[PDB]
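First to last, the sequence lines map onto chains t and p.
Heads up: the first sequence is residues 2 to 64, going by the deposited numbering.
Heads up: the second sequence is residues 2 to 98, going by the deposited numbering.
By construction, the Cβ of each residue, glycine as well, lies at the ideal position given by its N, Cα and C atoms.
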Amino acid sequence: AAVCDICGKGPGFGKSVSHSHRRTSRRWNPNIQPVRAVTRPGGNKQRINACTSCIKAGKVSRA
Amino acid sequence: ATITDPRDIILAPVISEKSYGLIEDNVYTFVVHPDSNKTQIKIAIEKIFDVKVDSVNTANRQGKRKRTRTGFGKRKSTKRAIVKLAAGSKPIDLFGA
RNA sequence: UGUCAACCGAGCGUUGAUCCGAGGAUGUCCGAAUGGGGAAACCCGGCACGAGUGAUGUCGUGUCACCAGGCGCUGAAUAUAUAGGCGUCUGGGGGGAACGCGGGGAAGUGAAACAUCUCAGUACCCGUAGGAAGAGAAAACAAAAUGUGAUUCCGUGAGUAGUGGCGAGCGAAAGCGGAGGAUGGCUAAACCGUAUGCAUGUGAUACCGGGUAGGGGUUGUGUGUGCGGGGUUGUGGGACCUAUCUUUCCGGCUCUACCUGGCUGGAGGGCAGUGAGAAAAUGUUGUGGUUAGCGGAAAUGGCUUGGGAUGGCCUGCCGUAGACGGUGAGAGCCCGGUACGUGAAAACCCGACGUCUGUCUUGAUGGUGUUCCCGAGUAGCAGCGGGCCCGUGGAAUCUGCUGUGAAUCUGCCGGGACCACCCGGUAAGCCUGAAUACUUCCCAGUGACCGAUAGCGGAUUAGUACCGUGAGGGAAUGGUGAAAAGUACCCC
RNA sequence: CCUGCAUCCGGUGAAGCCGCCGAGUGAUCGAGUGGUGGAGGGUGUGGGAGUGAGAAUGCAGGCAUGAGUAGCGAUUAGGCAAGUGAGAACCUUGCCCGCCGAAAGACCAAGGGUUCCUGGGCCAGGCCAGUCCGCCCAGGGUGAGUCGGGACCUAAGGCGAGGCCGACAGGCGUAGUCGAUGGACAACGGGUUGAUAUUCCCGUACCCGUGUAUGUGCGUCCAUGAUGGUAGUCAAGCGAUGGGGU
RNA sequence: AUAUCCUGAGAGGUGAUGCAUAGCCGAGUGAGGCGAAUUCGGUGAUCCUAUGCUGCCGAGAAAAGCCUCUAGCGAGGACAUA
Ligand SMILES: [Mg+2]
Ligand SMILES: [Mg+2]
Ligand SMILES: [Mg+2]
Ligand SMILES: [Mg+2]
Ligand SMILES: [Mg+2]
Ligand SMILES: [Mg+2]
Ligand SMILES: [Mg+2]
Ligand SMILES: [Mg+2]
Ligand SMILES: [Mg+2]
Ligand SMILES: [Mg+2]
Ligand SMILES: [Mg+2]
Ligand SMILES: [Mg+2]
Ligand SMILES: [Mg+2]
Ligand SMILES: [Mg+2]
Ligand SMILES: [Mg+2]
Ligand SMILES: [Mg+2]
Ligand SMILES: [Mg+2]
Ligand SMILES: [Mg+2]
Ligand SMILES: [Mg+2]
Ligand SMILES: [Mg+2]
Ligand SMILES: [Mg+2]
Ligand SMILES: [Mg+2]
Ligand SMILES: [Mg+2]
Ligand SMILES: [Mg+2]
Ligand SMILES: [Mg+2]
Ligand SMILES: [Mg+2]
Ligand SMILES: [Mg+2]
Ligand SMILES: [Mg+2]
Ligand SMILES: [Mg+2]
Ligand SMILES: [Mg+2]
Ligand SMILES: [Mg+2]
Ligand SMILES: [Mg+2]
Ligand SMILES: [Mg+2]
Ligand SMILES: [Mg+2]
Ligand SMILES: [Mg+2]
Ligand SMILES: [Mg+2]
Ligand SMILES: [Mg+2]
Ligand SMILES: [Mg+2]
Ligand SMILES: [Mg+2]
Ligand SMILES: [Mg+2]
Ligand SMILES: [Mg+2]
Ligand SMILES: [Mg+2]
Ligand SMILES: [Mg+2]
Ligand SMILES: [Mg+2]
Ligand SMILES: [Mg+2]
Ligand SMILES: [Mg+2]
Ligand SMILES: [Mg+2]
Ligand SMILES: [Mg+2]
Ligand SMILES: [Mg+2]
Ligand SMILES: [Mg+2]
Ligand SMILES: [Mg+2]
Ligand SMILES: [Mg+2]
Ligand SMILES: [Mg+2]
Ligand SMILES: [Mg+2]
Ligand SMILES: [Mg+2]
Ligand SMILES: [Mg+2]
Ligand SMILES: [Mg+2]
Ligand SMILES: [Mg+2]
Ligand SMILES: [Mg+2]
Ligand SMILES: [Mg+2]
Ligand SMILES: [Mg+2]
Ligand SMILES: [Mg+2]
Ligand SMILES: [Mg+2]
Ligand SMILES: [Mg+2]
Ligand SMILES: [Mg+2]
Ligand SMILES: [Mg+2]
Ligand SMILES: [Mg+2]
Ligand SMILES: [Mg+2]
Ligand SMILES: [Mg+2]
Ligand SMILES: [Zn+2]
C-alpha cells in the first residue's frame, strides 16, 4: 500500500490544517489495490499491486 | 617461484643449564617458527641431520613486559620445541657445546 | 652504517658509496572480506598440479561467495507455455575535509505571557554523482515604442509597490549596467520499401504512371510490431498533382521484354572526424612546461677595544647580484645564495604535422488546388494541501493526490476573476561547453598576528597517561656554555 | 606595546631587579649616581591598541596557622642466646610461650598478567630504620594419542539466501549455519631439580589409522544347492543423507 | 522353570623376586648404603549395589553414537598372530 509497481507513484506529504488555523503533519497515499495483471495472452496472471490510474487507463489489461 | 626447504623453520638454539643437562641426557631444544608444527620439526630435523628421531615436543611462552620512561613495551613471543634422539645417539658437533 | 641519546664491536668506498628523480617485485594476517567457521588480527576443508616417506600423517602454486544484466540448454502440477534448474561472459557491495541535486524534518527563544507566526526550511537524517553541479533554445516580458530575443552569476532597481492577532516581523518583479559567447542540435506524424506474425481472399480483373502484350501473387484486402529514405516550423510548415529551371559514368530493379516518369548498387569532387550533431583503431613535431641538478661577480686591508670582530676611525672593489639565513658580538666583497644564465634518461599532459571512418552529389532551385499530420488518461473542470509579498482571502501561475474529462491551424494557451477587440507564442520527448561555488593534499610566497598560564587540546612520551564497563571527557612537563673542556688528582 | 618618518646611544656594557640622592599641583620622573647581569634601546611628530585590578563563595602555580596536635587502619602476645653488617625490638639460625584449626590449612573455575626462581643494591614506595619485600635491575623458567577445550552432537537465543510488509531508512521470519552450565569418548602407582608433572624417567595399560609377512579361510571364472526344480534373480562383503529400536 | 540371558557390588588370584616406609651405619646447604614384622577384632559412614525398591502429583530435553532392516554398491574382503 505504498507505490504502484508500474508507474511508480509514491505517496505525497503535506500539512493538515484545523479549523482553528493550527498546523499538523499528515500524509496522503495514492489509491492502489491488489490485482492480477493481464499482460500475456497465454492466460496466466500474477499478483501485483496496481493503482486505479493505471488500471483505468488500461496499462495492464482487464480479463 | 618459491622454493620450500626444511631448513627455514627452526630458528636458533637456546643455551642454559637446563639445556645443557638435557644435552647430557641426549635431548636438544630448538626455537621454532610460531606457525610451524611438531610434524614439521620432526620431518625437517630428521631430513637435515640424517639421524633417526624418536619423539618431539613443543611449548610456547608469552613475552615479558619491561618498563620504559617512554611508556610500556613488549618483547617478542617465541615458540620452542623439544627433540629426543632415538637409541642411535649420534652426537651433534655443530651445536658446539 | 636514519632518529630518540651517548657507548662498544664490527665494515664498506676512485672498479663511483650515501643521496635524490622516474619506472618495476616481492607485499604475513584482519579490515566491503568473498573456500567454510568466529570474541580483529584465529580454527577447519574440497579440487587440480608439483615436493617428501616402505604407505597415512606433511608441505608449496593456483582455484572453490552473493546479487543484477546479456547469451546457450532444459520445460514441473500440465497440454500449449511459465515459474524453476544448469553452463558461460559483463558489471556492483567500502572509504573520503568542503562544494550540488530531490525529499523527510524538529524544540530553547520575540511578541515583556501565548494558540497564528518567527526562530527555519536552520541542526540532523535519507537516496544520490561530479570535479564542478543544476538549468537551458520561449505556449517569456512589455504595451500601441515598427520594442527586446537561450540559460546562469553579480550591482542597482528599495527596505519602496505589498503582506501580517495590520502586533512582533516578513519581502518582490519589470527595466537598467556588467562577466560569455554556440540567437546550437537531435527525436516520434502525415507516407513507400523490407523480416515478419494475426487474419481473412470474389483467391481474380485486381497489385504496377501511358501503349503492345504473358500470368494469377511485389496476396486481393485489413491489423500490430522491427528495419531504411522525407521531413523538424510560426509571415505556419510538412506530405499528394500540376508548369518552369536543372552544374559526372555504368549497372540491377519500378511483375515481366520494348520508349516515356521513379527505387537501388559500383567509380571523380567536395564535406567533416574524437566532436552534442556516428562510432573504432593504426602509421611521422614544441628549448612546450614539469618531476633533479650545474655555473655564477668583489678586502686574509690598516689602526684600535677586545676570549672571540660580524664593534669605532681611515682606505678600496662588484653591483642584470646591498632578498634571506649560518659563521665565537649589527657582514654587499667568509659560507649557504640570491640578479642572470643554463640544464633531463624516463615519463606526463597539452598543442601541430601524417593511414583510417561516414552522410550527401538517385540529386538541388523558385510556385497551384485539392485529401492527411504536428508528442493521452494530457490540457481543462471539481474537491483537499504546499511555495511564490498573496497568513483562503476575489484568487493569477507552478505543483502533490482523488474523481470527471476535451480538440488539431477560422486548433490551442497566455496579457492577476471574467467577457469582447487587439498583441505574443506553438507544452504535454531527449542532449548541449563559457561566464559561478570549495580545499582533506602538494608547490611557492605574506603578517603595524601569539612567544611557554598566550599560541591548534598537542614547542616534550598526544588525542598518550588518566577517568568512565558506554557514548565520551581530557591533562602539566623549552633556554648551561663555543665547544663537555660535564671538574683529573688529594682530603672528610 | 607595535608601527611611518628624522635623529642619537650601546661588550669603554643596551633590557629587568635592589638601593642612595633628589624632582613635578596627579596619574609619577631622573641623558644623577652605586651592586647583578649580558644584547638591543631613547628622544621628537603622526597612525593602531587584547593598553592600566582589591573584592564576582573567580581560575593555574607556589606558600602561611590547627601542628610538631590526632593518628600510625581491632577483637592473639611475645621473650631469650647467637650470627650478618656502620646502623637491628621489626633480617637469618636455635630454644621457650601463645593463637588458628569447618581454617587464620590443601586445592579447582572465574578473575591479573610475570607477582615464580637465581643473582645486584637500597636517593623512589612499605604509615618509623631497614641487611628485607608482592621495589626495581639482568638472566632463567611453563614438555599431554589418554587432564580442560577445538577437529563430535545439540537449547533459551542471534544471522538470514529466497520472501512478506513498509514513502526511504527499515520490522519480521524458511531452508542452513553459529551458540555448554549437557551427552559419548581411551592411564594408573612411585622418583626426580632452584623453579615442570596423570606431561620427564621407571613399571605396567588402553583407543584409533597405514605398511609387510604368515595362518584360518571363502568367489568372482567351474558348479551342488534352495527354489520360485529347463532357464532368470540371489544369500559373500559392505551397507545408508532412508525406516525402526535403543 | 533362580530355565536362559544381561548386569553386577563386595570377596578371592594376578599385577608386585617390584615400590615405599619405622629403624641401623658412616655422612650434614645434604646425599649414599643397608633395611624388620606386615596377623586378628570392634565401630562405622554424607561413598557402592542404585537410572534399584516403595510411596506422591504439581506428571517431568534433543541430537549424536550403537543395533537392526532393507533400498543400493559389489569381487575382494573378514578373522587371528607376528
Ligand atoms: Mg508501494
Ligand atoms: Mg514539505
Ligand atoms: Mg509549527
Ligand atoms: Mg612499564
Ligand atoms: Mg622510488
Ligand atoms: Mg610474491
Ligand atoms: Mg569476505
Ligand atoms: Mg564471512
Ligand atoms: Mg543478465
Ligand atoms: Mg503452454
Ligand atoms: Mg558510494
Ligand atoms: Mg514577555
Ligand atoms: Mg512570552
Ligand atoms: Mg521563512
Ligand atoms: Mg564527472
Ligand atoms: Mg542548461
Ligand atoms: Mg527543462
Ligand atoms: Mg530590488
Ligand atoms: Mg523589530
Ligand atoms: Mg522515418
Ligand atoms: Mg524522422
Ligand atoms: Mg678587540
Ligand atoms: Mg665591521
Ligand atoms: Mg635583511
Ligand atoms: Mg655567518
Ligand atoms: Mg638578527
Ligand atoms: Mg650551492
Ligand atoms: Mg496567504
Ligand atoms: Mg487568494
Ligand atoms: Mg488585462
Ligand atoms: Mg505579430
Ligand atoms: Mg507546440
Ligand atoms: Mg560557473
Ligand atoms: Mg617566561
Ligand atoms: Mg570507559
Ligand atoms: Mg619593544
Ligand atoms: Mg650606533
Ligand atoms: Mg659587553
Ligand atoms: Mg659591570
Ligand atoms: Mg651578562
Ligand atoms: Mg610619528
Ligand atoms: Mg598617539
Ligand atoms: Mg576605530
Ligand atoms: Mg582588550
Ligand atoms: Mg593580584
Ligand atoms: Mg586555588
Ligand atoms: Mg591550619
Ligand atoms: Mg593532641
Ligand atoms: Mg594518641
Ligand atoms: Mg590498618
Ligand atoms: Mg629484631
Ligand atoms: Mg580459632
Ligand atoms: Mg569446622
Ligand atoms: Mg565457619
Ligand atoms: Mg576469575
Ligand atoms: Mg586465564
Ligand atoms: Mg618472590
Ligand atoms: Mg636486593
Ligand atoms: Mg630505602
Ligand atoms: Mg614512600
Ligand atoms: Mg627486581
Ligand atoms: Mg602437549
Ligand atoms: Mg532463523
Ligand atoms: Mg538475502
Ligand atoms: Mg530471519
Ligand atoms: Mg551456532
Ligand atoms: Mg557448550
Ligand atoms: Mg601432574
Ligand atoms: Mg546413608
Ligand atoms: Zn500506476
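With distances taken Cα to Cα, identify the nearest neighbour of residue i among the options.
i: p/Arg66; options: p/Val57, p/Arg76, p/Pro92, p/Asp36; result: p/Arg76
i: p/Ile44; options: p/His34, p/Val32, p/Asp36, p/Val57; result: p/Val57
i: residue 1 of chain p; options: p/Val28, p/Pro7, p/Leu12; result: The question about residue 1 of chain p has no answer, for chain p in this structure spans 2 to 98.
i: p/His34; options: p/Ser90, p/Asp55, p/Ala82; result: p/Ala82
i: p/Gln41; options: p/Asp9, p/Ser78, p/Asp94, p/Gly89; result: p/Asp9
i: t/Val4; options: t/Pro31, t/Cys55, t/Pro42, t/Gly43; result: t/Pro31
So if DSSP puts residue i in a beta bridge, which residue, or which two residues, is it bridged to?
i: t/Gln34; result: t/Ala51
i: t/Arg27; result: t/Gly15
i: p/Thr71; result: In the DSSP output, where bridge partners are listed per residue, p/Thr71 has none listed.
i: p/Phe31; result: p/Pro14, p/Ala82
i: t/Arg63; result: Paired residue(s): none; t/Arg63 is not in a bridge.
i: p/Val54; result: p/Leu86
In whole angstroms, what separates the C-alpha of residue i from that of residue j?
i: t/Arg28; j: t/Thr40; result: 32 Å
i: p/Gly74; j: p/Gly64; result: 10 Å
i: t/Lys46; j: t/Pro12; result: 26 Å
i: p/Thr59; j: p/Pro92; result: 21 Å
i: p/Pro14; j: p/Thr3; result: 26 Å
i: p/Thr71; j: p/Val84; result: 41 Å
i: p/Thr5; j: p/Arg62; result: 27 Å
i: t/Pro35; j: t/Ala64; result: 15 Å
i: p/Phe96; j: p/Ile24; result: 10 Å
i: t/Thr53; j: t/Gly15; result: 21 Å
i: p/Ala87; j: p/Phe50; result: 13 Å
i: p/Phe31; j: p/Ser90; result: 17 Å
Assuming residue i and residue j form a contact by the criterion Cβ under 8 Å, report the distance between their Cβ atoms to the nearest whole angstrom.
i: t/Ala51; j: t/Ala38; result: 7 Å
i: t/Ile33; j: t/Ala2; result: 6 Å
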